[PDB]
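Chain residues, written in single-letter form:
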There are 6 protein chains.
Amino acid sequence: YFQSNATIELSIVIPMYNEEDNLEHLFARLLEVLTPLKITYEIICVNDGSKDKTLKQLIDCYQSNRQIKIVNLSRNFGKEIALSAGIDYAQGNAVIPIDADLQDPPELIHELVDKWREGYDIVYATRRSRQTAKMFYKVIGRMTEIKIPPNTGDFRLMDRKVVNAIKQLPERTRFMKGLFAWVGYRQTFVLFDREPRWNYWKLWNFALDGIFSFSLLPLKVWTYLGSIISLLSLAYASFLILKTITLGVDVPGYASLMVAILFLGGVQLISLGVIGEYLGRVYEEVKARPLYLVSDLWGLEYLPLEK
Amino acid sequence: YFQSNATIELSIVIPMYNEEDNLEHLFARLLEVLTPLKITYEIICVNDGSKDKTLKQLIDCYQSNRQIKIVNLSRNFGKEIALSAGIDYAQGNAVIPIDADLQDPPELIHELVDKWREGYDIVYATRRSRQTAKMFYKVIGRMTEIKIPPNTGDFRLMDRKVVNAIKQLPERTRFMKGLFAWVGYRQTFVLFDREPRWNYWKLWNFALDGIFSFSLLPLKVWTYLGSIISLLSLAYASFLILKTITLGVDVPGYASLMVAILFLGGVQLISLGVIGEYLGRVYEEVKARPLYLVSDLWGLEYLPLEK
Amino acid sequence: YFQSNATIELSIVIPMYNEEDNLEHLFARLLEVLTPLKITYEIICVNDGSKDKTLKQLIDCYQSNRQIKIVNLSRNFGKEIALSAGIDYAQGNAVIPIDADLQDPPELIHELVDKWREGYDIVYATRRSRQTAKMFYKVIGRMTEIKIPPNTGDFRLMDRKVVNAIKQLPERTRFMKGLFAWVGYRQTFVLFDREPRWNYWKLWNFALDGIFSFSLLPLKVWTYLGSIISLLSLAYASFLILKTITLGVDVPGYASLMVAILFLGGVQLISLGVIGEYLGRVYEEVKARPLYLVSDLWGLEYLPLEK
Amino acid sequence: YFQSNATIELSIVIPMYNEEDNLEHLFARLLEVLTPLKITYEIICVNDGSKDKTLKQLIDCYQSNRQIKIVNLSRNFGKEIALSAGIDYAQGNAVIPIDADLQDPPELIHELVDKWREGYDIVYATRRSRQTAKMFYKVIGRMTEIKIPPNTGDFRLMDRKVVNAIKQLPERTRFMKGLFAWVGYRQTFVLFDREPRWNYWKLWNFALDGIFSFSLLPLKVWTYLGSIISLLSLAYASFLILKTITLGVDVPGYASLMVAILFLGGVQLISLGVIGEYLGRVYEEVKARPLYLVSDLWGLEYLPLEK
Amino acid sequence: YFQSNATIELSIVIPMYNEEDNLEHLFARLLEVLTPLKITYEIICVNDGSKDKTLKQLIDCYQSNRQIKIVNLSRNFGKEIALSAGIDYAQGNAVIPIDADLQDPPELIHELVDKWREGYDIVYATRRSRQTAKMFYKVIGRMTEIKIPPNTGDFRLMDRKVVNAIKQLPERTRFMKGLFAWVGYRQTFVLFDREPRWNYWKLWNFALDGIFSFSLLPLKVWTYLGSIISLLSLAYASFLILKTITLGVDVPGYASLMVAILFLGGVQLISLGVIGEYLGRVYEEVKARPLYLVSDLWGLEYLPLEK
Amino acid sequence: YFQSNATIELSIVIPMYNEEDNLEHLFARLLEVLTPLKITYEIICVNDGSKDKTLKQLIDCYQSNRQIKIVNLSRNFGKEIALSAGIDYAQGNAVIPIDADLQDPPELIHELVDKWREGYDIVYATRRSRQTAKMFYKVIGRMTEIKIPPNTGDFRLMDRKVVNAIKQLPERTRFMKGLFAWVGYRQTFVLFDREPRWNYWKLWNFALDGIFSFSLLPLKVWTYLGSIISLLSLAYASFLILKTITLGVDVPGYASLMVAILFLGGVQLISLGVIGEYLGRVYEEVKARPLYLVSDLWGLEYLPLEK
């Protein structure tokens, strides 16, 4: 008739910073949405060095609500780091990061949970056409079939599988700049409209970060290109030093200066190329991101992968 | 009369990708070869994001066969990464990677197991003269006596000792580009002919990868060479600045420009050399590959080497 | 009536080096201050390769005093390394590093403990105006509200929380050059005057160390700046090679030499930029300092963070 | 009357390579020296890919002698790596590496054990004046009081404390090129003469390796030197670009070429300096060698330092 | 070519007591039989407080033979306890207890190993008709099909499964008095004749021990029998006290004495019955022998059953 | 020169009870004897609910002496239990229980340690003929060769082996009433005279305790004796009930009363015998004392025997 279950079905993570007189309304809306779901849940609240009296009312809420937990950080780190800390302390089958001002309606949690029950590991809440060859360029640069619109959502659901996959990765803090395209699980999105309503620099910075975070291709290509350029310059320098001895010396100081410049440029370019090759190998050695990820096993048990 | 053994004698690893209507024939041939061996075996099947319905028939085969196990990857990684995942999940005294299209006859598994029983730790299946100073160059660059022909086989048997030796090494994925020559166990080959029938770029790329993956010699040699070149250039610059003061100034702007160019080239070459030396030391620090490997012990127990 | 407690309330750490005939007076003053506090304490004495007979009298003191412990180092490392070793071996709720010559009065330990009881995690003992836009420059460079005067104290109290936070960090040895501003706990200071009574180089070296120890901003900014400079130089070189072909060749060897110099400078600057980017990523990979620190938890238990 | 002790007092480590018909005499001399010592001992024999039949007679000796143990390596690594493997597998209070040809008399083991019993942690066997400002240069470069003659001995005794201190260090293989001067324990030597009887390059290479293996000083000093040189060059370039505009343009292409060369040299030198600084920090991060070593403890228990 | 295996195939256990000048011949015969088997083996020698110099020659044999191990007991316990200690210290797939005087030929070990290879877990060496309703009585009392002749062998082979099953049981020391019939594995025998050539008391004592060691039936049956006897006696006493009051008192002191004797006998018999019932339950509580034994598992892993 | 050893060579255990003003003299004599031994030692002081101020001066002594440790018991248990607690908390290669009044001279510790160094595991200090067929009776009842005089010493040395053997045994508290004769290690005695100078009841109580503590023989023998007596009584009762029916009834109430008495006695004797048999088996089940003890091992490692 009355039974106790110790497993959490859903974790809501809210990083807070000077959210003083908004805690009541926020929790009112959260419980007005969450209790019709009839699932077990927890709310992880992360305080990152607030200067008003947010923490005292957080503790007051914690006393009268068993589903509220508080993570207090030593100082004011970023909001992304606060989200990372909350997700690190969250236990639950699905994790949903929630923004404290509720710009995105909390009623989308119902749709996210519905899509999660259908078997999707990552569900995104994407604005419905918020106020083109670049899209194609980004798609061909992603080298993995992703269909989610470019804004692609910071309000999302992530399965325990995905959060365990990326829990030791530096790029967990910036999940949405290319790590989402690398994990490659079963992913979908949910469309919604926001009543209150396009930077190109932002839309290029994420691609610039991704092309270096998940590929050593620029380093290798540039090392080989500089190597061939250095070889061509050294060949030209050898040709020029062969010249002016068999042929005339019309230019007194031009030929010797060119051969010196070309030889120095070639030797430094070879040094840079060798240094780049060994730096690339060092990067492959110290990389934390694994070689593959496993979705399911049949007839086998998961390897520990931790100690 | 009926006894149960929980140890696997042999692991077959087959990475699959869009192998939809070929699973039946593949398993038919595999069991037609494996059951005369009268040994315990498992078949590890790795699916790397197939787009057809390979996984459903894999599960259908898994239901009616106790020797079939499935590894499902989160997305489509490489076939080499799929092989690495399968070998990581394989438990058995010998591991044999098998290609799903059976271009190499499965009847070679009998010969591989026969050679393994004689005491060889790695057996290769090499094509019998598939359709020269380079061979000698490769041999002298390998600095370890290897007699296996240049194609040297991706269809092979590896003892549990060898797979445990290299299980934490980044070069496990590319075993056959120089790690096989570094492990240095007891190795042999088996010759065979393929009914369906020579790139020089490939035959040089593996040597280029090996000379940098298992030796810091290029880095050290180039750092010292650049250092002596920088010293000679700085000596010439000092000689030239000694010149034109005691001697004439016939060239107005040639001498000062040369001394500036030589001094800058020398200082940058010294900087590159010091950076290369410290990068080499950093590489020795973060290297995962061990200092030695142990084949057997008498009177001693193996060190843990893991935690 | 007589009960035993196994927990230490306070650890005093004194690195010693040739402190031969001063041990008696030092311990006399230490016990004359510590016993009115009515708390449990230990004194950790670190010998770093003293050449006089400091260790024999240390052992003599250890025999007749249960609160004295000795750490003997293999050779003479630095005094900062001796302090690090002592703090590593100290068990206690608060740790106070004490200088062996007692230049700072031991009676400040009462004030430090008083402030610690009020809830401060780090208390500093700062000289009261020991014998300006730089202060503002340092404050704006610290990017975290710190109010402690510039000398900011090596005589201090640190809570067990703080010493556990930084126990695996290379910058623990130099705590006061910027790590104190990064930990960001609850911190205060205590003012005092010294009877025996301003280097600008020291006041700039700590800022120079901090701007590189806790930020990759210089590396990123300089890589992008060099990249744009290289692009501008390559554009000028392309313009010059477009020139002298459509226009005149008045300068025989000036134009070709400039285009060669500009092209080489651009290619080397791009190589340096790519190398710097990948070196920065390598630094983020091997960094020991964590992403955040947790002050308190409500409803949660601390994550292990160790193995 | 007859009691069993499971602790080894002394480990003898002999790396063997094609030591076929010398095993009998070697063991005869070893037991003729060791049994008068009346201590428990083991002999660790390391085979590194011998091509003659050394291993079969090693096993024959192992069958009839309980004090003989064999380490078989997968292939022929170096003799120094074989010594490292043997020391890794050696259990005993003291470890003595012994050369298989017995060029150094085994009767020196008595003197080494005698000196070890007096409290010395490292004892060296140094040739008695085997067939000067450099000695002073090496001494002042060692920055730690070492009195052992320059040849300083590869035949030595090392206490279990020392071998545990350096067991995870890459420089364990080359102990005698500067790690011996860094560990700084209690050390002595024993003088002896060899009946069968000075390279300067070797006497400088060890110093060159030591100045980079145990100090970041060259990197820091060269980065700052290149930085000030770059600043001076950029200042001269700014002065020259200020020149020729207020003053004459007598040199048509000399001034612009110099300003371009100086500006490029300065920007590349700054890039190299920043890269060197961050590479140095990376080196401090990945370094395996610890910050201090502890000789003894009074009132404390040793920290684990391992997992 | 030369490989090391750390697993023992067979353990020979010889308890020794004053076996001084027989060790050579014993080991000669043992190795003359064991080495044709081409299997790995160990010989566990148990000394139980010998008074001659057996242990010194045991140690002499141990020095020159890697397959000899010695267990020294604190004093002279029984020979059965010495066998138990040896089996406790034996590691091997099969264990064979061997008598030190070799009354049973060691050539039977070949037959025992041959039968063990066929799948039998316990093989007995039974004398071939060594110099009847009792056999049938013993068979029907064994309540489990056992066909081995009555002498049934102390010279036997036992699989690692069986020795692990009974390693915590008090009846391990006396295995052959009924525990062999309780374990119930796959068992067989081998017949042999002894050149040097029937107690009924011994043939009944083992049955008497078995009927109480593996069944609570005597206790339960006797408690119920005594209970019904007590009830009948109390009924007769009640009848007699009903008598002599309605009927005559011809016997003055006979009737009262009988009723007193019967009542006391009944009350004491009920007390004994209740005590026996609770003692039986106590025996079931503290029993070490398990409820079942598992021979093989398919699709399951063995339960720990130990801590 | 100064080295620290963390191993104790000798533990002195002194149970104290109202030893107020004797602590100084006791420790004076103890250190006057112990320091010439030049070995590491500890003194374990056990307070068992003293009513005077023994504990405060114990703590005062503990503050100024590193070799003094205190065990405080919750209340006043026995002095033997205090000795057991002290030995439980003692760490050292040898343990010596010392009486607080020093009736036995502490100078005997030198002789005890001397005999311990010769290889004896238990050394007794026996009075030299302190102020006969019983000795022979005790010797033949001990069933193990013990030569120590009857008083046999409570002042003794016991090796770590012996104290580990008996640390879980209830008879550890009364070691000298028969457990010393059961452990059976290498034992000797030392003779001494006491300046201040025979109960038969005590000399019989220890034998009475030993015959029941280390043997089930009385129980088995009495059960079988009662069984045969019961059988004889039941046979006589059957004979008597056969009588008086064929023969006369001269005795009216004697025959029926005898048959009733004999039948009841027989049935109760059988019940007592069965109960005794099962109680004996229960005793063998719950016994803590092991089946054997191991003195030394050659080629083997000790079994855990604990969890």
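Parameters at a glance
Residues numbered from 1 in each chain as written, not as in the entry; some residues may be left out. Chains lettered and ligands numbered in written order. Part of a larger assembly, values for the part shown. Heavy atoms only, no water. Residues with missing side-chain atoms left out of burial classes, pairs and counts. Helix = DSSP H or I, 4+ residues; strand = E, 2+ residues; numbered from the N terminus. Rg over C-alpha atoms; globule rule 2.2 N^0.38 Å. UniProt positions renumbered as here; feature names shortened; annotations may be inferred. Least-squares fit on C-alpha atoms. Contact = heavy atoms within 4.5 Å. Salt bridge = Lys/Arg side-chain N within 4 Å of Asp/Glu carboxyl O. Buried < 20%, exposed > 50% of the residue type's maximum accessible area, 1.4 Å probe, protein only. Nonpolar A, V, L, I, M, F, W, Y, C, P; charged D, E, K, R; others polar. Pairing = 2+ DSSP bridges. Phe/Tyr/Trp six-rings, centres within 6.5 Å; stacked < 30°, edge-to-face > 60°. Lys NZ or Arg CZ within 6 Å of the ring centre and 35° of its normal. Buried area = accessible area lost by both parts, 1.4 Å probe. Polar contact = N/O pair within 3.5 Å; in protein donor to acceptor, adjacent residues only side chain to side chain. Axes fitted to C-alpha atoms, helices over the stretch in contact; angles between N-to-C directions. Expected span 1.5 Å × (residues − 1). Core = buried A, V, L, I, M, F, W, Y, C linked by side-chain atoms within 4.5 Å. Parallel < 35°, antiparallel > 145°, perpendicular 65-115°, else oblique. Left-handed = near helix turned anticlockwise from the far one by under 90°. Disulfide = S-S within 2.5 Å. Right-handed = clockwise from strand over helix to strand, strands pointing away.

1. Some details on the overall build of chain A
Within chain A one finds 10 helices and 8 strands. Over its C-alpha trace chain A gives a radius of gyration of 28 Å, far above what one expects of a compact globule, namely 19 Å for 307 residues. The principal-axis extents of the C-alpha atoms in chain A amount to approximately 105 × 55 × 45 Å.

2. What to know about the UniProt feature "transmembrane region" in chain A
Residue and element names in this part refer to chain A. When the UniProt feature table is mapped onto this chain numbering, "transmembrane region" sits at residues 221-241 and 255-275. The annotated region residues 221-241 carries 100% helix and 0% strand content, and the separation between its end C-alpha atoms amounts to 30 Å. End C-alpha to end C-alpha, residues 255-275 measures 30 Å, and it is 100% helix and 0% strand.

3. Comments concerning the relation of the copies chain E and chain B
Take chain E, turn it by 180°, move it 0.0 Å along the axis, and it overlays chain B with an RMSD of 0.0 Å. The superposition operator between the copies reduces to a two-fold rotation axis. Distance from the rotation axis, computed per C-alpha, reaches its smallest value in chain E at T7(E): 7.5 Å. Counting the interface residues of chain E, we find that 100% of their copies in chain B are interface residues as well, pointing to one common contact surface.

4. Thoughts on the pattern of salt bridges
Pairing between side chains of opposite charge can happen when the charged atoms of each approach one another. Tallied over the entire structure, the rule returns 46 salt bridges over all chains. Note that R281(B) and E277(B) form a salt bridge whose closest N and O atoms lie 3.1 Å from each other. With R281(B) and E277(B) both in helix α10 (residues 254-286), this residue pair falls 4 residues apart, about one helical turn. Note on accessibility: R281(B) and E277(B) belong to one class, buried. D104(E) is paired through a salt bridge with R194(E); the nearest N and O atoms lie 2.2 Å apart. With a relative accessible area of 26%, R194(E) lands in the partly exposed category.

5. Notes on the interface of chain E and chain F
Contact with chain E, which involves 49 residues of that partner, is made by 44 residues of chain F. Going through the elements one at a time, α2 (54-63), β3 (68-73), α3 (79-89), α8 (200-213), α9 (217-242) and α10 (254-286) of chain E are the ones with two or more residues in the side of chain E that touches chain F. Looking at the side of chain E that touches chain F, the element that brings in the most residues is α10(E), giving 15 residues. Broken down by class, the residue content of the side of chain E that touches chain F amounts to 31 nonpolar, 9 polar and 9 charged. Of the pairings in the sheet, the one linking β3(E) to strand β8 (residues 294-298) of chain F comprises 4 bridges and is antiparallel in character. Paired with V71(E) across the strands is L297(F), a residue of β8(F).

6. Brief notes about the packing of aromatic side chains
In total, this model carries 21 aromatic pairs over all chains according to the counting rule given. Here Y1(A) and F2(A) contribute two aromatic rings whose centre-to-centre distance is 5.1 Å and whose plane-to-plane angle is 85°, an arrangement assigned as edge-to-face. Both residues of the pair, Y1(A) and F2(A), count as exposed. Each ring, one from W182(A) and one from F77(B), has its centre 6.1 Å from the other, and the planes form 75°; the classification is edge-to-face. Taken together, the residues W182(A) in helix α7 (residues 179-183) and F77(B) in the loop between β3 (68-73) and α3 (79-89) connect one chain to another. Grouping aromatic residues by their ring pairs yields a cluster made of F212(A), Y283(A) and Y278(C). Above the plane of the ring of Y120(B) lies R186(B), whose end atom (NZ or CZ) is 4.0 Å from the centre.

7. Topic: the interface of chain E and chain B
Facing the 11 residues of chain E at the interface are 11 residues of chain B. Carbon and sulfur atoms supply 43% of the area that chain E and chain B bury against each other, a total of about 800 Å² over both sides. Put simply, chain E and chain B have 0 salt bridges between them. Applying the counting criterion to the chain E and chain B interface returns 4 residue pairs in polar contact. Residue classes in the side of chain E that touches chain B are distributed as 4 nonpolar, 4 polar and 3 charged.

8. What about the relation of the copies chain E and chain F?
Here two copies of a chain appear, and what relates them is a rotation about an axis with a shift along it. Screw-axis analysis of chain E against chain F gives a translation of 0.0 Å along the axis, an RMSD of 0.0 Å, and a rotation angle of 90°. In symmetry terms, the pair is related by a four-fold rotation axis. Interface overlap between copies: only 18% of the residues of chain E at the interface are likewise at the interface in chain F, consistent with a contact formed by different surfaces.

9. Description of the sheet that holds strand β1 (residues 10-16) of chain F
All names here are of chain F. Pairing in this open sheet of 7 strands is mixed, and the strands run β3-β2-β1-β4-β6-β5-β7 from one edge to the other. Both edges of this open sheet fall to β3 (68-72) and β7 (187-192), since each of them pairs with a single strand only. Going across the sheet, the axis of each strand differs from the next one's by a mean of 20°, ignoring polarity. Sheet analysis places strand β4 (residues 94-97) next to strand β6 (residues 156-159), joined by 2 bridges and oriented antiparallel.

10. A few points about helix α1 (residues 23-34) of chain A
Here α1(A) spans 16 Å end to end across 12 residues, near enough to the 16 Å set by a 1.5 Å rise per residue. Elements that come into contact with the buried residues of α1(A) comprise β1 (10-16), β2 (41-47), α2 (54-63) and β3 (68-73) of chain A.

11. Remarks on the nonpolar core
Counting 148 residues, the largest nonpolar core has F175(A), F175(B), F175(C) and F175(D) as its most contacted members. The residues contacting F175(D), other than those within four sequence positions of it, are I122(D), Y124(D), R156(D), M158(D), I166(D), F180(D) and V183(D). One finds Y89(E), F214(E), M158(F) and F180(F) within the second-largest nonpolar core, a separate group that totals 65 residues.

12. Focus on the packing of helix α9 (residues 217-242) of chain C against helix α10 (residues 254-286) of chain C
Residues and elements named next belong to chain C. The N-to-C vectors of α9 and α10 enclose an angle of 155°; their axes lie 8 Å apart at closest approach. Comparing the axis directions of α9 and α10 gives the class roughly antiparallel. Read as a crossing pair, α9 and α10 show a hand that is left-handed. Looking at the contact of α9 with α10 residue by residue, the classes come out as 15 nonpolar, 8 polar and 2 charged.

13. As for the state of the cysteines
In protein chemistry, a disulfide is the covalent bond that joins the sulfur atoms of two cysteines. Evaluated as defined, the whole model comprises 0 disulfides over all chains. Not engaged in a disulfide, the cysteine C61(D) finds its nearest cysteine sulfur in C45(D); these two sulfurs lie 8.0 Å apart.

14. Details of the pairing of β1(A)
Residues and elements named next belong to chain A. For β1, the tally of buried residues reaches 7 of 7 residues, placing the bulk of the element in the interior. Alternating positions in β1 separate into two faces, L10, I12, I14 and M16 on one and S11, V13 and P15 on the other, with burial throughout. Bridge analysis of β1 against strand β4 (residues 94-97) gives 4 bridges, and the strand direction is parallel. The partner of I12 across the bridge, within β4, is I96. When β1 meets β2, the two strands line up parallel, connected through 7 bridges. Counterpart to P15 in the pairing with β2 is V46. At this point the chain moves from β1, through α1, to the parallel β2, and the crossover so formed is right-handed.

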